[PDB]
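**Student:** Those protein sequence lines, which keep their order, are chains A and A'. A prime marks a further copy of an entry chain. Just so you know, we're using the entry's author numbering here: the first sequence kicks off at 1 and counts up by one. Just so you know, we're using the entry's author numbering here: the second sequence kicks off at 1 and counts up by one. For each residue, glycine too, the CB sits at the ideal point set by N, CA and C.
Number of protein chains: 2
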Amino acid sequence: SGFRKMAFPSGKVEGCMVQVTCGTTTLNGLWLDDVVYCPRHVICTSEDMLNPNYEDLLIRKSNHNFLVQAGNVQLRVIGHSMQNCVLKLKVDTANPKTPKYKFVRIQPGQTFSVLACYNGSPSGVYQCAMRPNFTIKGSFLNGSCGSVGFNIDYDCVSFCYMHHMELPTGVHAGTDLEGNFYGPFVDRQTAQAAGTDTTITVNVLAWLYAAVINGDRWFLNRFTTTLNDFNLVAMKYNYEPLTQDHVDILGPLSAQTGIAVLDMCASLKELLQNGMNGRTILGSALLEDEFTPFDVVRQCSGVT
Amino acid sequence: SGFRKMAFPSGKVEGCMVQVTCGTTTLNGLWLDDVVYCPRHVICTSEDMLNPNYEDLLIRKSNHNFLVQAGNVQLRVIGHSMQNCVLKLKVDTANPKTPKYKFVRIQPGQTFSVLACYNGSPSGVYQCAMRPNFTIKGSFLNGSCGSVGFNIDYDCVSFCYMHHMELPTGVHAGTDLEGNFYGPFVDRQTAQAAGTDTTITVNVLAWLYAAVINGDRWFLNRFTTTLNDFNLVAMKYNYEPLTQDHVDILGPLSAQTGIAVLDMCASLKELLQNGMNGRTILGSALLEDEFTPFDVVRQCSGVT
Ligand SMILES: Cc1ccnc(N)c1NC(=O)Cc1cccc(Cl)c1
Ligand SMILES: Cc1ccnc(N)c1NC(=O)Cc1cccc(Cl)c1
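1) Label residue 151 of chain A' either buried or exposed according to how many other C-beta atoms from any shown protein chain fall within 10 Å of its C-beta, with 16 as the threshold for buried.
2) Can you tell me whether residue 12 of chain A is helix, strand or coil according to DSSP?
3) On the DSSP letters alone, give me the boundaries of the beta strand (DSSP E) that residue 127 of chain A sits inside.
4) Buried or exposed: residue 8 of chain A', going by 16 or more other Cβ atoms within 10 Å of its Cβ?
5) Contact criterion: CB-CB distance below 8 Å. Does residue 5 of chain A meet it with respect to chain A'?
6) To the nearest whole angstrom, what separates the beta carbons of residue 5 of chain A and residue 5 of chain A', a pair I think is in contact under 8 Å?
7) State yes or no: is the C-beta of residue 302 of chain A within less than 8 Å of the C-beta of residue 141 of chain A'?
8) Ligand 2 and residue 299 of chain A: does the residue's C-beta get closer than 7 Å to at least one heavy atom of that ligand?
9) Is residue 78 of chain A' helix, strand or coil by DSSP?
10) Quick one: which chain A residues come within Cβ less than 8 Å of residue 185 of chain A'?
11) Looking at C-alpha atoms only, which residue of A:15, A:233 and A:41 is the closest neighbour of residue 120 of chain A?
12) Just to confirm before moving on: does the CB-CB distance between residue 209 of chain A' and residue 91 of chain A' stay below 8 Å?
13) Give the range of the beta strand (DSSP E) segment to which residue 295 of chain A' is assigned.
14) Comparing the C-beta of residue 203 of chain A with each C-beta of chain A', is any distance below 8 Å?
15) So residue 180 of chain A and residue 282 of chain A are supposed to be a Cβ contact under 8 Å. How far apart are they, rounded?
16) Name the DSSP beta bridge partners of residue 88 of chain A, please?
17) Along the segment 131-163 of chain A, where does the CB come closer than 7 Å to a CB of chain A'? Name the residues.
18) State yes or no: is the C-beta of residue 108 of chain A' within less than 8 Å of the C-beta of residue 157 of chain A'?
19) Are there 16 or more other CB atoms within 10 angstroms of the CB of residue 162 of chain A, so buried, or fewer, so exposed?
20) Quick check on the DSSP output: what are the complete beta strand (DSSP E) runs of length 3 or more inside the segment 96-170 of chain A', in order along the chain?
21) State the Cα-Cα distance for the pair residue 94 of chain A and residue 34 of chain A, rounded to the nearest angstrom.
22) State the DSSP-derived secondary structure class of residue 54 of chain A, mapped to helix, strand or coil.
23) With three or more beta-carbon pairs closer than 8 Å as the criterion, would you say the segment 259-271 of chain A' touches the segment 221-232 of chain A'?
24) Closer than 9 Å, Cβ to any Cβ of chain A: which residues of the segment 112-131 of chain A', in chain order?
25) So, with DSSP's three-state summary, where would you put residue 267 of chain A'?
26) Can you give the beta carbon distance from residue 175 of chain A to residue 86 of chain A, rounded, assuming they're within the 8 Å contact cut?
27) Compute the minimum distance between the beta carbon of residue 158 of chain A and the heavy atoms of ligand 2, and state whether it is under 7 Å.
28) Determine whether the Cβ of residue 342 of chain A' lies closer than 8 Å to any Cβ atom of chain A.
29) Would you mind sorting residue 201 of chain A' into buried or exposed? The rule is 16 or more other CB atoms within 10 Å of its CB.
30) Could you check the C-alpha separation between residue 260 of chain A' and residue 23 of chain A for me, to the nearest Å?
31) With DSSP as the reference, label residue 49 of chain A as helix, strand or coil.
32) Taking any heavy atom of ligand 2 as the mark, which residues have a C-beta closer than 7 Å to it, listed down the chain?
33) Run through DSSP, which three-state label would residue 230 of chain A get?
34) At the level of alpha carbons, what is the spacing between residue 164 of chain A and residue 188 of chain A?
35) Work out the CA separation of residue 122 of chain A' and residue 264 of chain A' for me, nearest whole Å.
36) Note down, in chain order, every chain A' residue with its Cβ under 9 Å from the Cβ of residue 172 of chain A.
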């Protein structure tokens, strides 16, 4: 009973957080095996950020200029390299708390947990979604750079995000763990605008199925629709177009509730057209799009 | 930038979760030092729950009937006692991962993080608030009993909740770590109704201050009010009455924004009277009451 914006247990990632300082800049690093991953802008001063030439700036940095602190002890840096927008610091000690892990590049619409950190220490954990415009709506302040986004499948942590930047609109941009930015953003102090933040239709549908499973059924109507008719409505309301791939992954939710995906689409269509009329669904007065079909199944079945 | 329903990093609590089985009933236990805390209904069968006499049921249970498993290894039970609605199982080994901890009984309106668990394993973490009717709106399924609620102050974990029950309305009831239920609930399979779930006014005000800090200011009006005038409005909308104690703890937020508490109350008054008019505040279409003034300060300043 009940439905919450739930994050993965953060312990396995907490044991990986370290603090990386280079000159007078301090941010968070991720220590996995004998490597510490961190945003490359750790080598920059505030002046460098206007137009940094990271290859040129890195020439003036040696292994001893990278101070890595895990809790209260100092890691010895025996190597360094730049991979896209991340620095990889080879240390002389494997992280004893390194969990089983993978580096994955997620697609927009996918969700993940964020362990927000400052000076190598965790402050909190929350659930996020990679927006269709490749930004994330996080909760990050100066010093949160290097905080990571991840998913957990039983014992394996799949790292998918490393936080780098705050756009002038208060939305966040970052990279996968290979240092490639999500979206068109660059690690530079230059105004970069985000594209249309459309709503993740498949996720709103998954959340409507979760509401039905939990007893919120007022929005169920006597109607059905087609993918093409639905998508005309989705386009008008800046919702992502729904495909048969999306319908396929909503199948287990359709099977559990007995509500055909296209019938749920017709309920969503009427909600978009009429609004909630002062009503709520799962304690929300708007349509929630940061639960994937997988998140709904996991939460509703108790996967640990 | 940004504001999220953020939970405390769950790692320190994850290292405490064990699985407790008694007969054919399995639930979660909390292993701190050499004691395992769990709901006393672990000794009950489904038939016992109709009208259990826990003192009578416990006579037929010995130390060897309580199976405690931490990860994959078995803890030896050398003692057992009932304290209110919790069982305390003395084991022969101190939990090596026992963090610094305290047992605290929270007041309604206070928030905490929940590490939902099944069979001793964590599934996820989310932020909760003890409702004014002493229930919690969690996300729990059968087997989640024994999952705990907590707050963290630097290195000290303050355990405040242990989950026991699901009311017939899908809301949740439980105890502090001394086994005393929050509210009037009893650990019995008997219909027990909850009282009025009023809105936590001081928390909605704290959240309005967080919205102002993050740039959502449309709701700020040209008005002010008094505590007595505000409370007439709060009573009408089933909001908890606001006191000078509440005003005092909103002081740091008032000081940061330059918005007097009574001016923010007048903004809240107009929002209650007029609604949001299809607008949102911090990505929400309703007034959020599960952020305390302390949560807002912590999140907005980066306390780790
Ligand atoms: C101030 C803040 C708040 C939240 N999250 C953040 N990442 C930041 N920090 C920055 O954005 C600094 C920066 C400037 C230009 C390019 C890059 Cl890669 C990074
Ligand atoms: C089924 C479920 C879902 C979510 N949270 C739960 N705690 C439960 N389990 C129960 O409520 C079982 C129970 C029955 C009568 C008294 C007590 Cl103490 C406990």
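**Tutor:** With the given structure in hand:
1) Within the second sequence, the letter at position 151 stands for residue 151 of chain A'. So residue 151 of chain A' ends up on the buried side.
2) Taking the first residue of the first sequence as 1, we reach residue 12 of chain A at position 12. Here residue 12 of chain A sits in helix by DSSP.
3) Residue numbering aside, residue 127 of chain A sits at position 127 when the first sequence is read from its first letter. Element bounds for residue 127 of chain A: 121-129.
4) Along the second sequence, one-based indexing puts residue 8 of chain A' at 8. Per the 10 Å Cβ criterion, buried.
5) Translated into positions along the first sequence, residue 5 of chain A becomes position 5. True, the Cβ-Cβ gap to chain A' drops below 8 Å.
6) Locating residue 5 of chain A in the first sequence gives position 5, counting from the first residue. Locating residue 5 of chain A' in the second sequence gives position 5, counting from the first residue. About 6 Å separates the two Cβ atoms, so the contact holds.
7) One-based indexing of the first sequence puts residue 302 of chain A at position 302. One-based indexing of the second sequence puts residue 141 of chain A' at position 141. In contact: residue 302 of chain A and residue 141 of chain A' (Cβ atoms closer than 8 Å).
8) Position 299 of the first sequence holds residue 299 of chain A. Result no, Cβ not under 7 Å from ligand 2.
9) Translated into positions along the second sequence, residue 78 of chain A' becomes position 78. Note: residue 78 of chain A' maps to strand in three-state DSSP.
10) The residue labelled residue 185 of chain A' in the question sits at position 185 within the second sequence. Simply none; closest approach about 15 Å.
11) Within the first sequence, numbered from 1, the residue matching residue 120 of chain A stands at position 120. Nearest option by C-alpha distance: A:15.
12) Counting from one through the second sequence, the residue named residue 209 of chain A' turns up at place 209. Counting from one through the second sequence, the residue named residue 91 of chain A' turns up at place 91. Contact flag unset, no.
13) Translated into positions along the second sequence, residue 295 of chain A' becomes position 295. Premise fails: residue 295 of chain A' lies in the alpha helix (DSSP H), 293-301, not in any beta strand (DSSP E).
14) The sequence position of residue 203 of chain A within the first sequence is 203, counting from 1. Residue 203 of chain A does not count as touching chain A'.
15) As a first step, residue 180 of chain A must be located in the first sequence, where it is residue number 180. As a first step, residue 282 of chain A must be located in the first sequence, where it is residue number 282. Contact annotation, residue 180 of chain A with residue 282 of chain A: C-beta distance approximately 35 Å; criterion of less than 8 Å not satisfied.
16) Locating residue 88 of chain A in the first sequence gives position 88, counting from the first residue. For residue 88 of chain A, which the question treats as bridged, DSSP gives the partners A:37 and A:81.
17) 137, 138, 139, 140, 141 and 143
18) Against the second sequence, residue 108 of chain A' aligns to sequence position 108. Against the second sequence, residue 157 of chain A' aligns to sequence position 157. No, the pair does not count as a contact, with Cβ atoms beyond the cut-off.
19) Position 162 of the first sequence, counting from 1, holds the residue named residue 162 of chain A. When all chains shown are included, residue 162 of chain A counts as buried.
20) 100-103, 111-118, 121-129, 148-153 and 156-166
21) Indexing the first sequence from 1 puts residue 94 of chain A at position 94. Indexing the first sequence from 1 puts residue 34 of chain A at position 34. Cα-Cα distance, rounded: 4 Å.
22) Residue mapping note: residue 54 of chain A aligns to position 54 of the first sequence, counting from 1. If DSSP states are grouped into helix, strand and coil, residue 54 of chain A belongs with the helices.
23) In short, these stretches touch, since the Cβ pair count reaches three.
24) 113, 114, 115, 116, 117, 118, 119, 120, 121, 122, 123, 124, 125, 126, 127 and 128
25) Here the question's residue 267 of chain A' lines up with position 267 in the second sequence. Here DSSP, grouped into helix, strand and coil, assigns residue 267 of chain A' to helix.
26) Taking the first sequence and counting its residues from 1, one reaches residue 175 of chain A at position 175. Taking the first sequence and counting its residues from 1, one reaches residue 86 of chain A at position 86. Correct: roughly 6 Å between the Cβ atoms.
27) Residue 158 of chain A sits at position 158 when you count from the first residue of the first sequence. Because no heavy atom of ligand 2 lies under 7 Å away, the Cβ of residue 158 of chain A does not count as near it: no.
28) Nothing about residue 342 of chain A' can be read from this structure; chain A' reaches only from 1 to 304.
29) Looking up residue 201 of chain A' in the second sequence gives position 201. Under this definition residue 201 of chain A' is a buried residue.
30) Stepping through the second sequence from its first residue, residue 260 of chain A' is reached at position 260. Stepping through the first sequence from its first residue, residue 23 of chain A is reached at position 23. In a straight line, the C-alpha of residue 260 of chain A' is about 41 Å away from that of residue 23 of chain A.
31) Stepping through the first sequence from its first residue, residue 49 of chain A is reached at position 49. Helix.
32) A:1, A':39, A':41, A':49, A':140, A':141, A':142, A':144, A':145, A':163, A':164, A':165, A':166, A':172, A':187, A':188 and A':189
33) Walking along the first sequence from the start, residue 230 of chain A turns up at place 230. Reduced to three states, the DSSP call for residue 230 of chain A is helix.
34) The residue given as residue 164 of chain A occupies position 164 in the first sequence. The residue given as residue 188 of chain A occupies position 188 in the first sequence. In a straight line, the C-alpha of residue 164 of chain A is about 10 Å away from that of residue 188 of chain A.
35) Position 264 of the second sequence, counted from the start, is the residue given in the question as residue 264 of chain A'. Position 122 of the second sequence, counted from the start, is the residue given in the question as residue 122 of chain A'. Residue 264 of chain A' and residue 122 of chain A': Cα-Cα distance of roughly 40 Å.
36) Locating residue 172 of chain A in the first sequence gives position 172, counting from the first residue. Near residue 172 of chain A (Cβ distances below 9 Å), the residues of chain A' are 1 and 2.
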